[PDB]
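A quick write-up on the structure given underneath.
All of this is worked out from the model, or read from it or from the source named; nothing here is a laboratory result. Every residue, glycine among them, receives a Cβ derived from its backbone with ideal geometry; neighbour counts consider all protein chains shown.
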Amino acid sequence: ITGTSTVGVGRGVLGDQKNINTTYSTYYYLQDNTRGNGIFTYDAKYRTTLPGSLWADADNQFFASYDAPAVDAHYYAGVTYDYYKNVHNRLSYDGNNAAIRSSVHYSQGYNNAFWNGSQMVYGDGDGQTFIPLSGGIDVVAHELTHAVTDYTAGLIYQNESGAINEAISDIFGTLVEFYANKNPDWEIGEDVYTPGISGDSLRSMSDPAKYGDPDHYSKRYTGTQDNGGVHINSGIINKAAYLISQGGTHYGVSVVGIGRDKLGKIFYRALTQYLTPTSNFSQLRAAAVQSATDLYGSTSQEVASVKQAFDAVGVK
Ligand SMILES: CC(C)C[C@H](NC(=O)CNP(=O)(O)CNC(=O)OCc1ccccc1)C(=O)O
Ligand SMILES: [Ca+2]
Ligand SMILES: [Ca+2]
Ligand SMILES: [Ca+2]
Ligand SMILES: [Ca+2]
Ligand SMILES: [Xe]
Ligand SMILES: [Xe]
Ligand SMILES: [Zn+2]
């Protein structure tokens, strides 16, 4: 909408207060004009018609329970935009400052979030498996990273290319969580998953097997559920990424860690310069090796560590 840029205040899903960029024109809208061509947050009103209505508020104060998922979707989209701009010199998901749109309160009791090809969509959860999913910065960044992938490598959402697609979203969701530096970890979704159970998460990158996902290519899922295991076999790549960053010895193979920032550089370059819609895990290894070679040199520790990490998870 046309209006003037303002700054509202509210509380997110976890009860934390934060400032949000809004736009005033009769109402205060969840429209942040400070980033690219805008970040826009919509109310789906418990329905499944998208996007719903641009979120309007009479007073620029967002402290109602119903407001909390919108506050967090809007704020964490901003943090994710900032990560990609400041760390990778990428302007929004298309590289040309495309407007970022999100809808919250999608459906009833909806235990998921997704990128629908055009926008982010967040359920509120059923209150037992999940609380509103925009409360997780890693979840928001995971979703927005799907848009980045779709505009770049284009990894088809099935089988190995789809597991790479998933792992890229988990990797960058985690890197955004570290960038914001509030309770960061290598787990996925811990802030919104299972409010009655402490210490769990949807997936673990450091130990995928903790939540039943493979940590070695010999344990890959080969069936048809979950689009050929895209959220299952992602564990193999998530583990490789974790090892590249943090190091470790896994199935007897030792990996010298190089840190999160270099992990992010290598995988961002692989995603945007080398991967294609049909890339498989072996091709991802090659893309990551080449990316590290471009950035750090063929004799570098960084290249050696990428090779060790893929060796450790059985990907040649
Ligand atoms: C219990 C769940 C939260 C676990 C998992 N989801 C995630 O980890 C995050 N959402 P996501 O990975 O973005 C879904 N996304 C998904 O399933 O893609 C299908 C699609 C294709 C094209 C258009 C619209 C939707 C799942 O779906 O099994
Ligand atoms: Ca209000
Ligand atoms: Ca965390
Ligand atoms: Ca996390
Ligand atoms: Ca939990
Ligand atoms: Xe982005
Ligand atoms: Xe997620
Ligand atoms: Zn995903």
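Return the residue satisfying two criteria in turn: it lies in region 189-203 and is touching a residue at least 12 places away in the same chain (Cβ under 8 Å) and at positive phi, and of such residues it is nearest to the chain's Cα centre (by Cα).
Among those that are touching a residue at least 12 places away in the same chain (Cβ under 8 Å) and at positive phi, it is 189.
Please enumerate the residues belonging to region 89-103 that are crowded, with 18+ Cβ neighbours inside 10 Å and of a type outside the set (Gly, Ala, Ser).
Within region 89-103, 90, 93, 100, 101 qualify.
Considering only residues that are closer than 15 Å to residue 267 by Cα, assigned to a helix (DSSP H, G or I) and away from ligand 3 (no atom under 15 Å from the Cβ), which ones fall in region 151-190?
161, 163, 164, 165, 166, 167, 168, 169
In the list 161, 198, 206, which residue meets the criterion of being crowded, with 22+ Cβ neighbours inside 10 Å, over 13 Å from residue 138 (Cβ atoms), assigned by CATH to the domain that holds residue 234 and more than 13 Å from ligand 1 (Cβ to nearest atom)?
Every option except 161 fails the conditions.
Can you name every residue in region 1-44 that is within 19 Å of residue 123 (Cα to Cα) and exposed (fewer than 13 other Cβ atoms within 10 Å of the Cβ)?
If the condition is that a residue be within 19 Å of residue 123 (Cα to Cα) and exposed (fewer than 13 other Cβ atoms within 10 Å of the Cβ), then 15 is the only one that fits.
Within region 39-90, restricting attention to residues that are farther than 19 Å from residue 141 by Cα and of a type in the set (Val, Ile, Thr), which residue is nearest to ligand 8 (Cβ to nearest atom)?
Top of the filtered list is 48.
Are any residues in region 122-137 over 15 Å from residue 102 (Cα atoms) and crowded, with 24+ Cβ neighbours inside 10 Å, and if so, which ones?
Result: 130, single match.
Note down all Cβ pairs under 7 Å where the first residue falls in region 145-167 and is among the small types (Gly, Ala, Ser), the second is within 16 Å of ligand 6 (Cβ to nearest atom), and they're at least six residues apart or on different chains.
If the second residue must be within 16 Å of ligand 6 (Cβ to nearest atom), the pairs left are 147/93; 147/115; 153/271.
Considering only residues that are hydroxyl-bearing (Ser, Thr, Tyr) and within 13 Å of ligand 8 (Cβ to nearest atom), look in region 138-158 and name the one that is surrounded by the fewest Cβ atoms within 10 Å (Cβ to Cβ).
157
Just give me the residues in region 104-121 being in contact with a helix residue (DSSP H, G or I) (Cβ under 9 Å, 6 or more places away or on another chain) and buried (at least 18 other Cβ atoms within 10 Å of the Cβ), in sequence order.
104, 105, 110, 113, 115, 119, 120, 121
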